[PDB]
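Structural overview for review
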Amino acid sequence: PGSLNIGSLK
Amino acid sequence: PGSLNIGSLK
Amino acid sequence: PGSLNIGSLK
Amino acid sequence: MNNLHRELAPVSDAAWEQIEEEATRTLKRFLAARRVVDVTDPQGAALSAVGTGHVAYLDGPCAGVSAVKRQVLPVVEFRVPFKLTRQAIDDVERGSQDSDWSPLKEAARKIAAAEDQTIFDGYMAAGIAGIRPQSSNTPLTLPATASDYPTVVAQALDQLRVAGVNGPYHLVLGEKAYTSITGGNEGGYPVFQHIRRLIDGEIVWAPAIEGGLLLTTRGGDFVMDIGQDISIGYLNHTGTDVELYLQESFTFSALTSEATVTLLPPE
Amino acid sequence: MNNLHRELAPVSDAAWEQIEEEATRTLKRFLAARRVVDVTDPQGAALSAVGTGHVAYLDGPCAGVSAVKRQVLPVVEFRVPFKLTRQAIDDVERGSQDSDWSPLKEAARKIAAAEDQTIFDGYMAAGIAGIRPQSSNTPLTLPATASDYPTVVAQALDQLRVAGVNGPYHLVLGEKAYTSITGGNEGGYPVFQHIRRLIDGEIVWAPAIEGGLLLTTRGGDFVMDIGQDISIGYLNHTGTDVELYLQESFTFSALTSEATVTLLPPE
Amino acid sequence: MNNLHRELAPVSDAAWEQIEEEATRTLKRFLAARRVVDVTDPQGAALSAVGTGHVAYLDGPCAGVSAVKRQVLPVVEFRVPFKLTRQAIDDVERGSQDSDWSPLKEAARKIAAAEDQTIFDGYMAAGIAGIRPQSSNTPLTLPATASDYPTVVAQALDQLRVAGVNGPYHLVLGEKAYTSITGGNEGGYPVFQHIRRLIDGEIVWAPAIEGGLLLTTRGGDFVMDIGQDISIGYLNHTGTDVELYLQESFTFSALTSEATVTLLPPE
């Protein structure tokens, strides 16, 4: 909930 | 290897 | 055992 | 229900969707340091420290007994608050498509700048060391004119080649250096092409740092452990405003000290 | 092959079996504190810290950004060396059944005493706090004569009942108190029966501590996280001797501060 | 069990894996001469000499009997030792990812430099002749300025064309020449492109040689017979250190004497 998935921007 | 299992002595 | 395969680097 | 307490905020679903989209779009543009380091999957809010593998000697509890203590790297948490207007929040269901999200954009910019500064230059208060202060190579000063950058880039490449570090090379430059490169000659493209001609990588723009650096992206040199990613939470509200925040938790480690070359700003 | 390097030692399989049996038998008798606390399964040699769940305030990297740092408990490692004779080692295959393992017994006693002392009284050098120094109840002094112990036990039970702590109660006593109880009256059995008559638990003998204490074994009050259990390793050897060691790694936490009553030694 | 005696070393499997990975990565970067010559598969440790096919006259055992003796090329063995710290070795199982392998890197660099020097300039003590001393063309001196290299490259190409040698042409340059080319003009790329524009091959960087040369990679001109490839062995250990070594065995032959042009260093 509300994670705002970004992760790796490669 | 060589663990010498003791764990809980309850 | 321990060969460390390199061979040709072409 | 978790610590964010999102359901207690008087915000509609469409407004939430628009806010999330805007925040994601701003973060994807203002997050620079994430593209050059290894990033692990989120591990949860229970992550507190990461073991380094080293030990330190201790006096000893009893005679004939020796003791060592493990060394760890702690996790740090960042939070940035902001405020949104209830009229702009409510107009979304009426059909607005131009609501004001500038405080959210500013908060995202601030958190991205804080993360980039922590990664590149370290955070001494939390006990986290940066890449540039731990670099073991010889720093090089940037020239005054934009036409002399390629020779410094070549010197850095020569240093890396002599040290023996392979991989695709990326040049990270600050705002001042980027503007100096762009606003010269015929739009700066001949200098840009010279740099991209010496190095196979792309020039990365980093607004939160000064000077610049050159690094390699072969992998295995920089590790970022993320407990919780950037999220949105709710603090409180009044008759006309609602206060929210952005929050994240992470730790960082730089293993190889010879994989980067520091570029000092021009005198 | 692991860090113990057992295969490099000139020791036969039967000798290894006998040494392991003797060490296990000695440890099972001299390990006292393990019976009254919760013990987790081994987690491996990579365990370094355990998160407590609390945070500490920090100054802040940039304006408008706040920071907190997680708190952890470190893992500590203990090692105790000893020496064995090669003639006794070799006689096992010839058929000996009375080889000398006294240095191994002494090393096991020392490591058990160190673990018990660390658990009961804490290890300040490693940043680990004990149960008795963190107990919140009122300590009681033991009487001079062994015939006055039950009234002190009853007072401790009254304190626990007033505090509101349930569970089976166990009394842990030091060597001096145990000898004082045993060497009185008709062999000490009437006093022993009085104590076991007031408390439903059993009196536990702890050689490594002074005085005593009364606690409850309801569970959830004391946690021991073990990275690596007690193991045997090999250091070196000469023409007539072989040097080995015992090693372990763990950390400890006491959550409830009102579940124990401290018993000070008699004046 | 072979002559390396690896099992007698107190080294864990993970440490062995990391050491092998680091050694392979360093060797793959510092092995230059292997890319331009024909390399056979390993033949074993029993290889001692390679027949050339020529004979030499002898006096004669008896009247009416004539005798000749075959000619051979011997195999040479190289060994380079180094030392590693036991704390760094042991920290791998604890979870270290930044252990110090600099002595191993230095040993790999030394063995690579020795192999490259033996291949390019010969080893008179072992009776092995190099390529440059056996080249039959006219050597050319490198110019002082980096802007005059392409005309010398063109002269070498003209010499090769007049001699009648086809194939893709490769230019091997020393460290001094490589730095002179790179640190000139706009980062040295226009000179680099001029050289890669005259010759279809790539400029190869060789740290162990002076000056340079131009050769062809059509095949069948240079043969390297390898008995045993680069391997790791164990010598001994102490309480704090472990001594290892790198070892290899090979022989080399250059058949065609007109396929290379020698480039002497500038005056």
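Going by the structure above, here's the rest.
Quick look at the structure, then. (Residues numbered from 1 in each chain as written, not as in the entry; some residues may be left out. Chains lettered and ligands numbered in written order. Part of a larger assembly, values for the part shown. Heavy atoms only, no water.)

So, about the pattern of salt bridges. One pass over the full model with this rule turns up 41 salt bridges over all chains. Among the salt bridges present, the one from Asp-229 of chain E reaches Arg-34 of chain E, with a minimum N-O distance of 3.1 Å. Pair noted here: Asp-229 of chain E is in strand 9 (residues 222–237) and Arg-34 of chain E is in the loop between helix 1 (13–30) and strand 1 (38–39), with a separation of 195 residues, a long-range link. An identical accessibility class is assigned to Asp-229 of chain E and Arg-34 of chain E; each is buried. Salt bridges sharing partners connect three or more residues here, namely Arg-34, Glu-115, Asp-229 and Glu-248 of chain D. (Salt bridge = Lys/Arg side-chain N within 4 Å of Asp/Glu carboxyl O. Helix = DSSP H or I, 4+ residues; strand = E, 2+ residues; numbered from the N terminus. Buried < 20%, exposed > 50% of the residue type's maximum accessible area, 1.4 Å probe, protein only.)

The partner chain E presents 34 residues to the 34 residues of chain D that form the contact. Both faces considered, chain D and chain E share a buried interface measuring about 2700 Å² in area, 57% of it formed by carbon and sulfur atoms. Of all residues in chain D, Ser-48, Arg-70 and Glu-77 of chain D give up the largest surface area on contact with chain E, accounting jointly for 23% of the area buried on that side. Applying the counting criterion to the chain D and chain E interface returns two salt bridges. The salt bridge partner of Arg-70 of chain D is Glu-77 of chain E, with a shortest N-O separation of 2.7 Å. The tally of links between chain D and chain E comes to 12 residue pairs in polar contact. Broken down by secondary-structure element, the contributors of at least two residues to the side of chain D that touches chain E are strand 2 (49–58), strand 3 (66–74), strand 4 (76–85) and helix 3 (102–121) of chain D. Broken down by element, the side of chain D that touches chain E gets its largest block of residues, seven residues, from strand 3 of chain D. Taken together, the residues of the side of chain D that touches chain E sort by class into 22 nonpolar, six polar and six charged. (Contact = heavy atoms within 4.5 Å. Buried area = accessible area lost by both parts, 1.4 Å probe. Polar contact = N/O pair within 3.5 Å; in protein donor to acceptor, adjacent residues only side chain to side chain. Nonpolar A, V, L, I, M, F, W, Y, C, P; charged D, E, K, R; others polar.)

Residues and elements named next belong to chain F. Strand order in the open sheet made by the four strands is 1-9-10-4, with mixed pairing throughout. Edge positions in the sheet fall to strand 1 (38–39) and strand 4 (76–85), since each of these pairs with one other strand and no more. Summarising the sheet, strand 9 (residues 222–237) and strand 10 (residues 241–254) pair through 12 bridges and their orientation is antiparallel. Bridge pairing in strand 10 places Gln-228 opposite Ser-249. On the sheet, helix 2 (residues 86–94) packs against strand 4 and strand 10 and is oriented at approximately 75° with respect to strand 4. (Pairing = 2+ DSSP bridges. Axes fitted to C-alpha atoms, helices over the stretch in contact; angles between N-to-C directions.)

Now for the arrangement of the chains. Here six pairs of chains make contact, and the pair sharing the most contacts is chains D and E. With respect to C-alpha atoms, chain A approaches chain E no nearer than 19 Å, and the pair has no contact. One thing to see here is that chain A and chain F don't touch, and their nearest C-alpha atoms sit 21 Å from each other.

Turning our eyes to something else, we now look at the relation of the copies chain F and chain E. Mapping chain F onto chain E leaves a residual RMSD of 0.0 Å; the transformation is a rotation of 120° accompanied by 0.0 Å of translation along its axis. Given the turn and translation reported, the copies of this chain are related as if by a three-fold rotation axis. Scanning chain F for the C-alpha nearest the rotation axis identifies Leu-8 of chain F, at a separation of 4.1 Å. (Least-squares fit on C-alpha atoms.)

As a further point, take the relation of the copies chain D and chain E. At an RMSD of 0.0 Å, chain D and chain E line up after a rotation of 180° and a shift of 0.0 Å along the axis. Within this description, the copies of the chain are treated as partners about a two-fold rotation axis. Rotation axis and chain D: the residue whose C-alpha lies nearest the axis is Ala-49 of chain D, separated from it by 3.4 Å.

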